[PDB]
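Trainee: Dumping the structure here so I can ask a few things about it.
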Amino acid sequence: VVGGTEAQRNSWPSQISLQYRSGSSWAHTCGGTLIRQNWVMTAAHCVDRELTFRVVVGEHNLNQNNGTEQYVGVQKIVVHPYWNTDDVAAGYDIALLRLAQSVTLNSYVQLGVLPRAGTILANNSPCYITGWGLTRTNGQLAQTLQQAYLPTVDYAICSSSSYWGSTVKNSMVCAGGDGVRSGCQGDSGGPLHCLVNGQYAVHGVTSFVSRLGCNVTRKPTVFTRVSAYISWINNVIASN
Ligand SMILES: [Ca+2]
């Protein structure tokens with residue numbers, strides 16, 4: 001997250017860190033949303049590599065013991081059957097990860113609240129991005145969970161030529177584009193939390209930024225639209 005502020009420990013308890021096994025170490029690669037005690041929602045592209053993955057819940061500082069973490073292996077990965085590595089701009093950037101164990105819920109570990117199917121927000125809807133991603137374009141990861149106020153940019157505007165044009169589909173959410181705050185590498189697969197009827201719900205799964213840079217004016221961060229996928233999500237979980 002470029003232009004973030006440090007999150008409070010208990011603000012976003014559905015955020016996980018998706019990590020891969022790197023020599024003898026575990027490195028952060030993506031964010032995710034805990035949507036059941038045994039199911040994580042992330043981006044497809046974050047599990048295109050055949051790595052050994054683990055999920056960390058209750059995580060605040062990547063490099064310290066917070067006293068709150070639970071570290072859980074991934075037992076099954078279900079990517080959207082339409083996902084194509086070679087075409088992010090097509091969409092379907094979403095995956096469900098089944099956890100080897102159920103986690104325990106507490107004030108650091110909760111489930112993310114999903115939108116009703118078909119829900120579109122109005123332009124300029126108040127949402128936050130959260131993540132341990134790069135804090136500058138070509139920068140480094142954050143140690144602590146960053147948050148950024150990232151208001152939505154409607155389809156009509158986002159698809160217009162000055163903005164993303166044709167690259168963005170109506171199965172996506174655009175948020176931000178001010179030149180100052182954005183998603184950046186390592187935020188991918190995480191949440192976009194938006195305030196609807198007094199409740200934060202997870203509307204977006206972070207998917208891409210511009211090739212020219214993370215924080216680029218009139219290139220909002222682009223998210224998979226979760227509300228486009230509710231029947232898919234539900235069908236996966238009922239049947240595994
Ligand atoms: Ca920690």
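How things are named: the first chain in the structure tokens is A, the next is B, and so on; residues count from 1 in each chain; ligands count from 1 in the order shown.
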Write out as a list in words each polymer residue whose atoms come within 10 Å of residue A:147, counting only C-alpha atoms; drop sequence neighbours fewer than 3 positions from it.
Mentor: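 Contacts, with the query itself left out: residues 1, 2, 3, 4, 5, 6, 7, 8, 11, 12, 128, 129, 130, 131, 132, 144, 150, 181, 182, 183 and 192 of chain A.
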Trainee: List as a PyMOL selection string the protein and nucleic acid residues near residue A:141, meaning an atom at most 10 Å away when only C-alpha atoms are counted, but skip any in the same chain fewer than 6 places from it.
Mentor: chain A and resi 1+28-29+62+131-135+184-187
Trainee: For ligand 1, return the neighbouring residues as a ChimeraX atom specification (distance at most 7 Å; only C-alpha atoms and all ligand atoms).
Mentor: /A:59-66,69
Trainee: Enumerate as an mmCIF file with N, CA, C and O atoms, in the first residue's frame all residues of stretch 47-194 of chain A assigned to strand (DSSP E or B) by DSSP on the backbone, naming them with the chain letters and numbers the document uses.
Mentor:
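Final file, states_38.cif:
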data_model
loop_
_atom_site.group_PDB
_atom_site.id
_atom_site.type_symbol
_atom_site.label_atom_id
_atom_site.label_comp_id
_atom_site.auth_asym_id
_atom_site.auth_seq_id
_atom_site.Cartn_x
_atom_site.Cartn_y
_atom_site.Cartn_z
ATOM 1 N N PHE A 53 2.179 -23.349 0.200
ATOM 2 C CA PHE A 53 1.581 -22.164 0.780
ATOM 3 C C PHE A 53 1.212 -22.348 2.256
ATOM 4 O O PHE A 53 0.785 -23.408 2.673
ATOM 5 N N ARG A 54 1.263 -21.279 3.048
ATOM 6 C CA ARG A 54 0.597 -21.262 4.355
ATOM 7 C C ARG A 54 -0.128 -19.949 4.594
ATOM 8 O O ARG A 54 0.001 -19.002 3.823
ATOM 9 N N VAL A 55 -1.095 -19.981 5.484
ATOM 10 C CA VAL A 55 -1.929 -18.868 5.689
ATOM 11 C C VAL A 55 -1.640 -18.446 7.123
ATOM 12 O O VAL A 55 -1.553 -19.270 8.022
ATOM 13 N N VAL A 56 -1.439 -17.155 7.370
ATOM 14 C CA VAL A 56 -1.304 -16.623 8.715
ATOM 15 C C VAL A 56 -2.497 -15.727 9.039
ATOM 16 O O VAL A 56 -2.604 -14.637 8.492
ATOM 17 N N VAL A 57 -3.258 -16.052 10.088
ATOM 18 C CA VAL A 57 -4.309 -15.180 10.590
ATOM 19 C C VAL A 57 -3.850 -14.521 11.899
ATOM 20 O O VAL A 57 -2.885 -14.975 12.569
ATOM 21 N N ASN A 61 2.549 -7.595 12.546
ATOM 22 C CA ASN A 61 3.914 -7.352 12.084
ATOM 23 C C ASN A 61 4.519 -8.621 11.470
ATOM 24 O O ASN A 61 4.546 -9.663 12.127
ATOM 25 N N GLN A 70 -2.070 -17.385 14.194
ATOM 26 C CA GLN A 70 -2.241 -18.822 13.943
ATOM 27 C C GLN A 70 -1.868 -19.177 12.518
ATOM 28 O O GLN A 70 -2.044 -18.351 11.625
ATOM 29 N N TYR A 71 -0.979 -20.163 12.379
ATOM 30 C CA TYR A 71 -0.273 -20.529 11.151
ATOM 31 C C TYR A 71 -0.767 -21.886 10.685
ATOM 32 O O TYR A 71 -0.821 -22.821 11.499
ATOM 33 N N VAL A 72 -1.390 -21.897 9.501
ATOM 34 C CA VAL A 72 -2.233 -22.975 8.981
ATOM 35 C C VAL A 72 -1.847 -23.242 7.552
ATOM 36 O O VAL A 72 -1.823 -22.317 6.780
ATOM 37 N N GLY A 73 -1.612 -24.506 7.199
ATOM 38 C CA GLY A 73 -1.313 -25.046 5.889
ATOM 39 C C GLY A 73 -2.574 -25.015 4.984
ATOM 40 O O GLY A 73 -3.704 -24.979 5.457
ATOM 41 N N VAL A 74 -2.368 -24.985 3.672
ATOM 42 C CA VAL A 74 -3.406 -25.025 2.646
ATOM 43 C C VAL A 74 -3.448 -26.435 2.069
ATOM 44 O O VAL A 74 -2.425 -27.079 1.911
ATOM 45 N N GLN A 75 -4.638 -27.041 2.153
ATOM 46 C CA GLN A 75 -4.947 -28.391 1.840
ATOM 47 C C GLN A 75 -5.529 -28.528 0.436
ATOM 48 O O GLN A 75 -5.279 -29.557 -0.183
ATOM 49 N N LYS A 76 -6.207 -27.498 -0.117
ATOM 50 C CA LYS A 76 -6.801 -27.561 -1.442
ATOM 51 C C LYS A 76 -6.891 -26.161 -2.063
ATOM 52 O O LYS A 76 -7.355 -25.216 -1.438
ATOM 53 N N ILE A 77 -6.525 -26.002 -3.330
ATOM 54 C CA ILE A 77 -6.658 -24.736 -3.982
ATOM 55 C C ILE A 77 -7.660 -24.920 -5.117
ATOM 56 O O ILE A 77 -7.523 -25.817 -5.945
ATOM 57 N N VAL A 78 -8.709 -24.100 -5.140
ATOM 58 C CA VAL A 78 -9.692 -24.059 -6.198
ATOM 59 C C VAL A 78 -9.678 -22.684 -6.897
ATOM 60 O O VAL A 78 -10.008 -21.624 -6.363
ATOM 61 N N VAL A 79 -9.175 -22.684 -8.102
ATOM 62 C CA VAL A 79 -9.078 -21.452 -8.842
ATOM 63 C C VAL A 79 -10.344 -21.395 -9.676
ATOM 64 O O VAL A 79 -10.824 -22.440 -10.053
ATOM 65 N N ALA A 95 -9.752 -17.099 -6.165
ATOM 66 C CA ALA A 95 -9.476 -18.450 -5.711
ATOM 67 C C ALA A 95 -9.947 -18.627 -4.281
ATOM 68 O O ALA A 95 -9.772 -17.752 -3.415
ATOM 69 N N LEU A 96 -10.372 -19.854 -4.019
ATOM 70 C CA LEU A 96 -10.652 -20.363 -2.697
ATOM 71 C C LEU A 96 -9.567 -21.342 -2.297
ATOM 72 O O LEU A 96 -9.156 -22.190 -3.091
ATOM 73 N N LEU A 97 -9.125 -21.234 -1.051
ATOM 74 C CA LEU A 97 -8.080 -22.031 -0.483
ATOM 75 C C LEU A 97 -8.762 -22.681 0.689
ATOM 76 O O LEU A 97 -9.233 -21.956 1.566
ATOM 77 N N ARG A 98 -8.767 -24.024 0.718
ATOM 78 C CA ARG A 98 -9.183 -24.810 1.871
ATOM 79 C C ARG A 98 -8.000 -25.083 2.856
ATOM 80 O O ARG A 98 -6.933 -25.539 2.477
ATOM 81 N N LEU A 99 -8.138 -24.705 4.127
ATOM 82 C CA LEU A 99 -7.131 -24.783 5.160
ATOM 83 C C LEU A 99 -7.114 -26.159 5.829
ATOM 84 O O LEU A 99 -8.078 -26.893 5.714
ATOM 85 N N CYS A 127 -14.171 3.213 0.934
ATOM 86 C CA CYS A 127 -13.620 1.906 1.091
ATOM 87 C C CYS A 127 -12.156 2.077 1.524
ATOM 88 O O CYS A 127 -11.523 3.128 1.274
ATOM 89 N N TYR A 128 -11.627 1.009 2.172
ATOM 90 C CA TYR A 128 -10.250 0.998 2.582
ATOM 91 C C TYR A 128 -9.616 -0.196 1.877
ATOM 92 O O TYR A 128 -10.206 -1.270 1.956
ATOM 93 N N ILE A 129 -8.334 -0.100 1.488
ATOM 94 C CA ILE A 129 -7.492 -1.231 1.069
ATOM 95 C C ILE A 129 -6.587 -1.528 2.243
ATOM 96 O O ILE A 129 -6.167 -0.567 2.886
ATOM 97 N N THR A 130 -6.307 -2.810 2.534
ATOM 98 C CA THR A 130 -5.358 -3.160 3.557
ATOM 99 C C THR A 130 -4.314 -4.152 3.043
ATOM 100 O O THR A 130 -4.564 -4.828 2.074
ATOM 101 N N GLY A 131 -3.075 -4.165 3.574
ATOM 102 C CA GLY A 131 -2.109 -5.028 2.938
ATOM 103 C C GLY A 131 -0.723 -4.830 3.551
ATOM 104 O O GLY A 131 -0.483 -3.755 4.074
ATOM 105 N N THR A 144 4.282 -3.822 9.083
ATOM 106 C CA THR A 144 3.013 -3.769 9.767
ATOM 107 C C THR A 144 1.918 -3.499 8.782
ATOM 108 O O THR A 144 2.144 -2.792 7.803
ATOM 109 N N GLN A 146 -0.782 -1.967 6.707
ATOM 110 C CA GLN A 146 -1.056 -0.592 6.258
ATOM 111 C C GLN A 146 -2.508 -0.567 5.807
ATOM 112 O O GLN A 146 -2.966 -1.538 5.198
ATOM 113 N N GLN A 147 -3.132 0.601 5.949
ATOM 114 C CA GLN A 147 -4.448 0.844 5.395
ATOM 115 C C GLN A 147 -4.431 2.141 4.573
ATOM 116 O O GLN A 147 -3.626 3.020 4.850
ATOM 117 N N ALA A 148 -5.293 2.253 3.553
ATOM 118 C CA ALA A 148 -5.419 3.425 2.697
ATOM 119 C C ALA A 148 -6.873 3.649 2.337
ATOM 120 O O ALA A 148 -7.500 2.721 1.872
ATOM 121 N N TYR A 149 -7.377 4.885 2.499
ATOM 122 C CA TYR A 149 -8.723 5.321 2.113
ATOM 123 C C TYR A 149 -8.781 5.459 0.603
ATOM 124 O O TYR A 149 -7.947 6.112 -0.047
ATOM 125 N N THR A 152 -14.413 4.438 -4.350
ATOM 126 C CA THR A 152 -14.580 3.778 -5.620
ATOM 127 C C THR A 152 -14.723 4.744 -6.816
ATOM 128 O O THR A 152 -15.089 5.900 -6.691
ATOM 129 N N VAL A 153 -14.431 4.251 -8.017
ATOM 130 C CA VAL A 153 -14.571 4.926 -9.263
ATOM 131 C C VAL A 153 -15.398 4.009 -10.141
ATOM 132 O O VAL A 153 -15.003 2.854 -10.351
ATOM 133 N N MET A 172 -15.249 -6.073 -12.343
ATOM 134 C CA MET A 172 -14.180 -5.535 -11.506
ATOM 135 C C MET A 172 -14.684 -4.301 -10.741
ATOM 136 O O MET A 172 -15.694 -3.720 -11.162
ATOM 137 N N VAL A 173 -13.979 -3.896 -9.656
ATOM 138 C CA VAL A 173 -14.151 -2.636 -8.930
ATOM 139 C C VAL A 173 -12.887 -1.826 -9.063
ATOM 140 O O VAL A 173 -11.798 -2.320 -8.908
ATOM 141 N N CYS A 174 -13.026 -0.560 -9.327
ATOM 142 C CA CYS A 174 -11.899 0.354 -9.355
ATOM 143 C C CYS A 174 -11.975 1.227 -8.102
ATOM 144 O O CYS A 174 -13.065 1.601 -7.703
ATOM 145 N N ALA A 175 -10.853 1.445 -7.412
ATOM 146 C CA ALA A 175 -10.861 2.317 -6.266
ATOM 147 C C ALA A 175 -9.609 3.167 -6.327
ATOM 148 O O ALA A 175 -8.541 2.648 -6.628
ATOM 149 N N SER A 182 -2.554 3.954 -3.253
ATOM 150 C CA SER A 182 -2.883 2.847 -4.104
ATOM 151 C C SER A 182 -2.622 1.524 -3.382
ATOM 152 O O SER A 182 -1.841 1.537 -2.433
ATOM 153 N N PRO A 191 -8.316 -7.784 0.640
ATOM 154 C CA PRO A 191 -9.588 -7.076 0.731
ATOM 155 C C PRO A 191 -9.615 -5.601 0.324
ATOM 156 O O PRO A 191 -8.734 -4.762 0.577
ATOM 157 N N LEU A 192 -10.794 -5.217 -0.128
ATOM 158 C CA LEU A 192 -11.173 -3.852 -0.245
ATOM 159 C C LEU A 192 -12.375 -3.933 0.678
ATOM 160 O O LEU A 192 -13.349 -4.593 0.311
ATOM 161 N N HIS A 193 -12.326 -3.252 1.824
ATOM 162 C CA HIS A 193 -13.458 -3.088 2.730
ATOM 163 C C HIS A 193 -14.238 -1.816 2.444
ATOM 164 O O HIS A 193 -13.652 -0.754 2.548
ATOM 165 N N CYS A 194 -15.558 -1.896 2.197
ATOM 166 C CA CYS A 194 -16.456 -0.776 1.948
ATOM 167 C C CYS A 194 -17.654 -0.733 2.900
ATOM 168 O O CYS A 194 -18.151 -1.764 3.314
#
Trainee: Pick from A:142, A:47, A:117, A:214: nearest to residue A:93, with only C-alpha atoms counted?
Mentor: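 Among the listed residues, the smallest separation from residue A:93 belongs to A:47.
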